[PDB]
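Shown next, in structure tokens, is the structure this report addresses.
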Protein chains: 2
Amino acid sequence: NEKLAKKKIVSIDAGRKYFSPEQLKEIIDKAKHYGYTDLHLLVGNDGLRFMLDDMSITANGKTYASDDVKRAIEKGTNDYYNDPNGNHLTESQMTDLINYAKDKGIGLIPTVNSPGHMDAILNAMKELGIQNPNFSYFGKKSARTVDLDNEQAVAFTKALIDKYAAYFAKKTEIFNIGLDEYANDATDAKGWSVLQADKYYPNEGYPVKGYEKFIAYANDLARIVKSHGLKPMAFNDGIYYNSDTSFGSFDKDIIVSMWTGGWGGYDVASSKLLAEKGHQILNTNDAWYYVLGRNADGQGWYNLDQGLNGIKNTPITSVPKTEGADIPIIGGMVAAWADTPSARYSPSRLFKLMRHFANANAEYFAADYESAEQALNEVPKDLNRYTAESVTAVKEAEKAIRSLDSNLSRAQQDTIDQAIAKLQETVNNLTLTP
Amino acid sequence: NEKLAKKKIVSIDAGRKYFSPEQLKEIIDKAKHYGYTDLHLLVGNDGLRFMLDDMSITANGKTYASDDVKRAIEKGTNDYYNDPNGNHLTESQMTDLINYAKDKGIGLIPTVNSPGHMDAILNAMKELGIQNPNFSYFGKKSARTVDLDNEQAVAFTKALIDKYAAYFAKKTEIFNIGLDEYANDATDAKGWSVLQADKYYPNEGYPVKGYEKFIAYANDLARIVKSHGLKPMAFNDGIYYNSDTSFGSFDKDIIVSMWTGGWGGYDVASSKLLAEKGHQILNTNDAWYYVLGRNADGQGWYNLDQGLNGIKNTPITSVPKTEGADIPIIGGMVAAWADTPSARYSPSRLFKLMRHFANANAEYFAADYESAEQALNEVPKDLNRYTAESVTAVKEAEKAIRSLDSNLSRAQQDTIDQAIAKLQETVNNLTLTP
Ligand SMILES: C[C@H]1N[C@@H]2[C@@H](O)[C@H](O)[C@@H](CO)O[C@@H]2S1
Ligand SMILES: C[C@H]1N[C@@H]2[C@@H](O)[C@H](O)[C@@H](CO)O[C@@H]2S1
Ligand SMILES: [Mg+2]
Ligand SMILES: [Mg+2]
Ligand SMILES: [Mg+2]
Ligand SMILES: [Mg+2]
Ligand SMILES: [Mg+2]
Ligand SMILES: [Mg+2]
């Protein structure tokens, strides 16, 4: 019961790269087939590729008109990557997609990323006429990150998240506000250290109250998300960066998507510390990542062979940076990313990744009852014309399928498959009365 | 088309007095029958008689626990009026009620009143330990009205409205924040004048920035309601009281429920001014009111005979205080109130009020197709055994009912009724083949 109760999630970066409703439905179908519970769909992640019917934003003592906001966002996304396959999902398409998934027992968790990975929102704010929304670091301007000192940019971003959270309310359960990799371009992947620096190295030009403002921003977004009955989620790397609790406290209702244990000079809080601070954790281990188009060994970081190795060697229970502690999880999430969004999306490769993750952690993933359900639909309804002996065999075989535990794991698939094979054999053995 | 497109609403004061799900369903059934579009259900109006499953409130740097909030509210409501029939509707009952109404094409519009008519919320705040939440006027303490200078009381109230608005989001369209009759007890029905007084009569002890704070409070509640995709509505009397626009501006997205033209020394803005300021208006004329238990002439203000006279003499298009202007309306609302909540609720009297309002404005109210639908269900399906002539008559008569305009008004009911009578006659005249 405890293993199957976990969430098993596939993540798709539909922020950087367009995915059609048709493609996303296929992913949902495989998710259901392999025993997953949720699709985690990034729609704001560098690009912004989801448009509400009403995009009007009220911030800064005014309202930015819906059609201007839409034009600004479409243009801003194209400035990031003008995808020949499409620009954005519409509200009708998203509503239908979420419905389609819900009918299959699959949840959807959106991401609209900020204050990093928000290239298109920054572009859009500039198109609307908001001044200098981007963060800069000693004359290097970030293309991806808002400046938390810019009240008008921050107000516009919060109102945009409020608008999206209102749409997702009641049809979803978790909203991922992101928070990963602050100003990774402008600071050469040292953004958290930069935000914390002035406290410890004053009078050197580091951003004043940088990290303090970041905590308040994270907490303000968590408040917005909670106000719509949704659980806020965020990536781990900026949450108590350098294990430093002295700047303030993150909202404990933020679920942590634990994706990285950090690296040389990128010293993240342990999952131990985060659990201790009262955060639930979704294991989003980068061991399992696939960046689209990096399709074999040698083709770069998070190539498909690397991801498949990570899946084979790092079980769903193995969370980044535990400090040897036993870290409880709400589930595991395998992620496909579109860092090079002009890469060809290969459904077979994504499905291979998804299948391997399910197979490697088979006790966690739901079994497939689809074919048992269909076999039951295909049984002849009326058996009177057949011999009593042969009829009994079919009725007992149907009864046996219907009696199967409805909570079997993928590890126990053969129990279901044997029961189907038995029914089919009895049906084949029906003998007409002489 | 324009008349039938209007909202036709019955209002029920289930704040002061308990109404069961069963009773409210009967009211919905009559509403549908008479051609109404909506039930306007006050649930916070002196008493507070609707409890969410999670009532935890975060305000004032803390959280008031759900069970403590529930206990505080139940007790606070009982302190206002301990109704032997019941205390509150639960979340499950409300969800079911709204569903029941939606299946009948009837919307539900809740009211949770503040900053007046909030006796039970004030009591509840005191039970939780919030200090001095009530407004006072020269040593007379209001039992019904929060003090807008009390930041902790105001913060708790706003968070309570946010919690209710979140529940009603997506299953309703309008949320009535009330705003009527500020401190009517403590000021002898002069509360708006008291809030405005200090601006014009300084150094006399009147509440400093009273009305300015009221505008900001109204606007803050409207912002909260809009954030959940709902349209905020409020009663007219405190909106530009004394036609004074100099204190600030009310949110134009507040629909005005225009209920009173005012009276001696109670000088409200005209509906002309409110329409000019950009507010849509729901005609809630007090001409049509019935206070439960005031059942005949001589039994007090808003007695049933008075209400029935008001219905006969004041059409749905006649809005209070027009200044002779032509005032557009979104619809009309007939209201039953429970000022003396120990009064016996008489469904027949409420239905008489509802019926008279529909009959007096018959071109506005939808016709009843229920009996036509049932007559069609009762037609014999198989007619082969009957003579060709008699069969043709039935088929033509069925076709005629099915061809009726689906947007007839109550004024045109006889067209539907004649078509039913014709079908029934043809069915009676079916003649078996010899
Ligand atoms: C939390 C996420 N942040 C980064 C994401 O933007 C990249 O696409 C991914 C693959 O390069 O790596 C990390 S995971
Ligand atoms: C807006 C509403 N405020 C008052 C309401 O509290 C009373 O029950 C009703 C009947 O006495 O009269 C007015 S209507
Ligand atoms: Mg809309
Ligand atoms: Mg650019
Ligand atoms: Mg909401
Ligand atoms: Mg709940
Ligand atoms: Mg009392
Ligand atoms: Mg809000």
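What follows is calculated from the coordinates using simple rules that are stated; it is not laboratory data. Neighbour counts are summed over all protein chains in view; Cβ atoms, including those assigned to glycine, are modelled from backbone coordinates with ideal geometry.
Structure above, values below:
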| item | result |
| --- | --- |
| Dipole axis of the range A:1-365 (+1 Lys, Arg; -1 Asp, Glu on Cβ), positive-most option in A:176, A:108, A:205 | A:108 |
| Net dipole in debye of chain B [+1 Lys, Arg Cβ; -1 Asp, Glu Cβ; about Cα centre; nearest 20] | 220 |
| GNM flexibility winner over chain A from A:318, A:257, A:11 (Cα, springs under 10 Å) | A:318 |
| Simple Cβ-charge dipole of the range B:191-325, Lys/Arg +1 and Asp/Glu -1, about Cα centre, in debye nearest 20 | 360 |
| Average beta-carbon neighbours from other chains, 10 Å sphere, peptide A:225-235 | 2 |
| Rough spin-label spacing in nm, given labels placed 7 Å along Cα→Cβ, for residue A:65 and residue B:406 | 3.5 |
| Dimensionless Rg ratio for the range A:171-253, taking C-alpha atoms and the 2.2 N^0.38 Å reference | 1.17 |
| Between 0 and 90°, nearest 10: helix B:388-403 axis offset from chain B longest Cα axis | 20 |
| P(r) weight above 24 Å for the range A:1-109, C-alpha pairs, percent | 33 |
| Cross-link pairs beyond the 22 Å C-alpha cut-off, checked among A:231/A:277; B:62/B:141; A:158/B:102 | B:62/B:141; A:158/B:102 |
| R0 of 60 Å, Cβ-Cβ distance residue A:243-residue B:78: FRET efficiency to nearest 0.05 | 0.70 |
| Reciprocal mean inverse distance between Cα atoms of the range B:366-434 - Kirkwood radius, Å | 12.5 |
| Three-way shape call for the range B:5-46 based on the alpha-carbon gyration tensor, with the a/c threshold at 1.5 | oblate |
| Separation between Cα centres of the range A:270-312 and the range A:65-119, rounded to whole Å | 24 |
| Inter-copy label distances at residue B:92 (7 Å, Cα→Cβ; nm, one decimal) | 3.9 |
| Acute angle (nearest 10 degrees) that the helix B:21-34 long axis makes with the longest principal axis of chain B, alpha-carbon atoms | 60 |
| Cα gyration tensor, the range A:325-374 - rounded (a/c under 1.5), prolate or oblate | oblate |
| Cα-centred dipole magnitude for the protein assembly as shown, charges only on beta-carbon of K, R (+1) and D, E (-1), debye, nearest 20 | 260 |
| Alpha-carbon radius of gyration plus Dmax, which is the widest Cα pair, for the protein assembly as shown in Å | 32.5, 110 |
| For chain A, the spread of Cα positions along each principal axis, largest first, Å | 99, 51, 43 |
| For chain A, with +1 on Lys and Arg beta carbons and -1 on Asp and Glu, the positive-most of A:428, A:44, A:335 along the dipole | A:428 |
| Ranked by how many other beta carbons lie within 10 Å on average, peptides A:26-32, A:138-144 from highest | A:26-32, A:138-144 |
| Chain B, helix-only ellipticity at 222 nm - DSSP H runs n ≥ 4, -39,500 (n - 2.57), divided by all residues, nearest 500 | -12000 deg cm²/dmol |
| Cα gyration tensor category, rounded, prolate or oblate, for the range B:224-268 with a/c compared to 1.5 | oblate |
| On Cα atoms only, tilt of B:151-168 relative to the major axis of chain B in degrees | 10 |
| GNM result for chain B, Cα springs below 10 Å: residue of B:137, B:182, B:290 fluctuating most strongly | B:137 |
